[PDB]
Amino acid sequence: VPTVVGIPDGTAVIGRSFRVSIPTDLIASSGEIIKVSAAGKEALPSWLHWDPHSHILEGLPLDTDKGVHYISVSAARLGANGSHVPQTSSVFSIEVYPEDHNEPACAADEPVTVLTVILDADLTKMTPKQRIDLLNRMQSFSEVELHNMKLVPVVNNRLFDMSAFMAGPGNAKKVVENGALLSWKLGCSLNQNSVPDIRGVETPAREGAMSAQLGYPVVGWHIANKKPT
């Protein structure tokens, strides 16, 4: 008598890490083969990665991933002739939303103080796991958890923010790629005198230790107050 497993729908935010556990032990009895894909395709959406050993589906969506993604979790039996005999399939969806509003909140009308690191990188050339690994490797410096950092592409080729009230240089002398912005929240309506200690960002950025850990050149960093939502 076959068992039916429903998986709940999820949500993701452009430029924020996405991570969910998939209940494979419920779906695959009797040593069956699990496949996780976009529904009706063999591959996942470009922003997702499936880790079969931890049972984790994870990703980092870009602007072009906005919208609903249906995900099929299937179990197949391997036949004596090597064929995969499908047994069951469970489909859920993930809706990618456009904006995290710079919030992992601040009062309304209260600007959010954001620290941004500008990287010589092109996120559209990076796999989902590479995007997550880059966020992981920033944790030593930000002291913010992976899921509370934001990672998005540079737009209109702007490698600077003229509203920033603190900033400094990285190790890069040239910028070869389009650029990526890796940012996090410091607080609400801060100024130079209430910003926390940032020597653990600014010194490794300038000396090259941050780029050596992240795997990408650092163009610079800045701190600026961003309009709410």
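When you see a residue number, it is the position in the sequence shown, counting from 1.
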Can you say how many deposited residues have no coordinates in the span between residue 98 and residue 99, choosing none, 1 to 3, 4 to 9, or 10 or more?
none
Given 62-70 and 30-38, the range whose Cα B-factors average higher in the PDB entry
30-38
Quick note on 154-162 and 131-139: per-entry mean CA temperature factor is higher in 154-162
Maximum C-alpha temperature factor, selected from 149, 115, 126, 106:
106
Among 188, 48, 181, 172, where is the Cα B factor highest in this entry?
188
Residue 17, C-alpha B-factor rank within chain (lowest, middle or highest third):
middle
So where's residue 204 on the chain's Cα temperature factor ranking, which third?
lowest
Compared with the other modelled residues in the chain, in which third is the CA B-factor of residue 119?
lowest
CA B-factor placement of residue 24, once the chain's modelled residues are sorted into thirds
highest
